[PDB]
Amino acid sequence: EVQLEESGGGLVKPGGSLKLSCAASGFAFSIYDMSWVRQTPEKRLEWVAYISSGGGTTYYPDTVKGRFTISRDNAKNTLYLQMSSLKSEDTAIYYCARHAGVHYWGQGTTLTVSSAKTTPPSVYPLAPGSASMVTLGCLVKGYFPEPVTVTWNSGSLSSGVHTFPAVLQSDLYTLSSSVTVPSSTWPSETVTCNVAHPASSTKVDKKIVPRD
Amino acid sequence: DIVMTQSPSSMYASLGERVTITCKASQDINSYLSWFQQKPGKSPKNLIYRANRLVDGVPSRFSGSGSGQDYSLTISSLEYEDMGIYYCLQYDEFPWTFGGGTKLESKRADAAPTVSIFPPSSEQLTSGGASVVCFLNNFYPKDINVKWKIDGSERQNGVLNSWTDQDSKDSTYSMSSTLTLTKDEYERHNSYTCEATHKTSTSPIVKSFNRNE
Ligand code: NA
Ligand code: NA
Ligand code: NA
Ligand code: NA
């Protein structure tokens, strides 16, 4: 059927530039008007740009007019969004939508606009204080950018896990993850949280050991 | 531009329940209003266009009505697959603008949190920081208050809270509350308490530890 696949997202400094692509297939890309729509971290949707089927005419809201350029290569069946003078407020998931998005949306590509430095997390074990189920924790502090992937015993502890949304602390992110296990299993059987931060190419393991 | 506002911001509902959500435009939009549903991790899907016209394939329990400035979406008998965020969209005038969304969530019985508190780890103290972490897991409703007490006195500064999305299996919520201090400040005090309060005047769910073990 119809495929709309966005690419090109990533981390960009404010003032920077980035060009997104939306590869279309499964229909005559040259006979529809295309659009970009974005979703902020606050889960608000906003129209970004609109272009005619031939690519000659474009329409923008005032928030991006003069900075964003929607274009298309009909011979390559590709829609584009050229962004310049990027602002932190442009941080969002960007979707390409056919026409008015009544039927076909892409899966989106994520843009983060920030000056913060890429940083691997510090991972700290959370063991219960020295005094049937036992809850353990994993503090994932001071990383940038999103995301991280937290698993417990390489995924084998999947139920009773709560990984909480990251919060802002300094110019970095912090989150914790909890795991709940029968008291008969830990500490006699090991529990370790695994933390993957692909942006820094790091994967750290932290064993949860009882407090002295 | 035209401003779209939706109500309510969020609501709980049970299986089979009739659900109506509303959407108001800052000016007359001539029924050029569409409704979208979005599930976590996925893109918005168009359910209704032109205020009351169903997109092909959308089940019969969905309907829309309204005119001018006031519009509504109705689910005649809720299904669990209907949970998510619903957005209205006006396309009477470019830029097409969205309402703020209505989060439709799952109703269940009240549940107290399982509270767990954790002293800072030795590793973190070596770096000079001290995060005291508290988990409130598997509670309902989502509106819960966390109160930190340090040697019996309430502490508000330095607390960062984070709330999960509703658990898709048991309809509960979980949240973490993290009190971050320097090592020196943390070691000035003895007892640390995390208190989960739902409604006022009820006894809290409390966990505590003494730094002097
Ligand atoms: Na242009
Ligand atoms: Na492991
Ligand atoms: Na801090
Ligand atoms: Na620290």
Side-chain angles (χ1 to χ4, degrees), chain A residues 121-131 133-143 162-180 183 186-187 191 193 207-210 212, chain B residues 112-137 139 144-155 157-163 174-197 201-211:
Chain A
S122 297
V123 180
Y124 304 112
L126 309 185
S130 195
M133 299 290 287
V134 174
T135 298
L136 309 177
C138 182
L139 174 58
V140 183
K141 185 169 171 54
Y143 70 93
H162 291 110
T163 298
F164 298 89
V167 297
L168 300 181
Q169 199 171 12
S170 178
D171 62 339
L172 308 174
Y173 294 105
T174 297
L175 68 87
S176 282
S177 175
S178 69
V179 64
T180 303
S183 55
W186 181 90
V191 177
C193 68
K207 183 181 177 181
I208 314 301
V209 297
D212 283 48
Chain B
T114 305
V115 174
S116 311
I117 186 160
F118 302 94
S121 81
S122 312
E123 297 91 333
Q124 188 191 20
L125 293 176
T126 296
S127 76
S131 292
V132 193
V133 177
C134 182
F135 297 136
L136 322 191
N137 287 339
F139 61 86
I144 199 167
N145 286 331
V146 196
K147 183 181 181 182
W148 284 91
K149 287 197 297 189
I150 295 179
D151 286 326
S153 175
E154 184 181 7
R155 170 62 180 257
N157 289 345
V159 181
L160 291 176
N161 295 331
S162 185
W163 318 72
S174 295
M175 73 88 67
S176 69
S177 184
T178 299
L179 168 69
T180 295
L181 311 164
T182 64
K183 169 184 166 187
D184 292 336
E185 178 64 19
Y186 162 77
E187 295 186 337
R188 294 189 44 244
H189 314 282
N190 183 34
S191 80
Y192 287 79
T193 295
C194 181
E195 291 195 358
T197 307
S201 185
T202 63
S203 290
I205 313 302
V206 173
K207 276 299 189 296
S208 295
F209 68 86
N210 294 314
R211 190 182 57 90

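All values below were derived from every heavy atom in this structure, side-chain atoms included, with hydrogens, water molecules and symmetry-related copies excluded. The chains referred to below are lettered A, B, ... by the order of the sequence lines, with proteins before strands, and numbering in each begins at 1.
- Residues satisfying the side-chain contact (heavy atoms from CB on, under 4.5 Å) criterion with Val167(A), sequence neighbours excluded, are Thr174(A), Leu160(B), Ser162(B).
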Go through the steps for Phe135(B) and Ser176(A) under the test side chain to side chain contact (heavy atoms under 4.5 Å, CB included), then give the verdict. CA-CA 9 Å; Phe135(B) 297 136; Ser176(A) 282; 3.7 Å; yes

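- For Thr193(B), the side-chain contact (heavy atoms from CB on, under 4.5 Å) partners two or more places apart in sequence, or in a different chain, are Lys149(B), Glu195(B), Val206(B), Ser208(B).
- In this structure, CZ on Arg211(B) lies 10.5 Å from OG on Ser191(B), to the nearest 0.5 angstrom.
- Partners of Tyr173(A) under the ring-ring contact (aromatic ring centres under 6.0 Å, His included) rule, at least two apart in sequence or in another chain, are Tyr143(A), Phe144(A).
- With values rounded to the nearest 0.5 angstrom, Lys207(A) atom NZ is found 13.0 Å from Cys193(A) atom SG.
- In terms of heavy atoms, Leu125(B) sits closest to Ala130(B) at CD2-CB, 3.7 Å.
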Show me the donor-acceptor pairs within less than 3.5 Å that the side chains of residues 134-142 of chain A make with the rest of the protein, sequence neighbours left out.
| unit_1 | atom_1 | unit_2 | atom_2 | d |
| --- | --- | --- | --- | --- |
| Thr135(A) | OG1 | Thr180(A) | OG1 | 3.1 |
| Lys141(A) | NZ | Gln169(A) | OE1 | 3.1 |

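- Looking at residues two or more places apart in sequence or on another chain, you find no side chain to side chain donor-acceptor pair (under 3.5 Å) involving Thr114(B).
- Here the straight-line distance linking atom OG of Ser178(A) with atom CG of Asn137(B) works out to 4.0 Å at 0.5 Å rounding.
- By the ring-ring contact (aromatic ring centres under 6.0 Å, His included) test, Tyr192(B) pairs with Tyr186(B), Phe209(B), sequence neighbours left out.
- Considering all non-hydrogen atoms of both residues, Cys194(B) and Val146(B) come closest at SG-CG1, 3.8 Å.
- Residues satisfying the side chain to side chain donor-acceptor pair (under 3.5 Å) criterion with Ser177(A), sequence neighbours excluded, are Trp152(A), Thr163(A).
- For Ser127(B), the side-chain contact (heavy atoms from CB on, under 4.5 Å) test picks out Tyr124(A), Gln124(B), with sequence neighbours left out.
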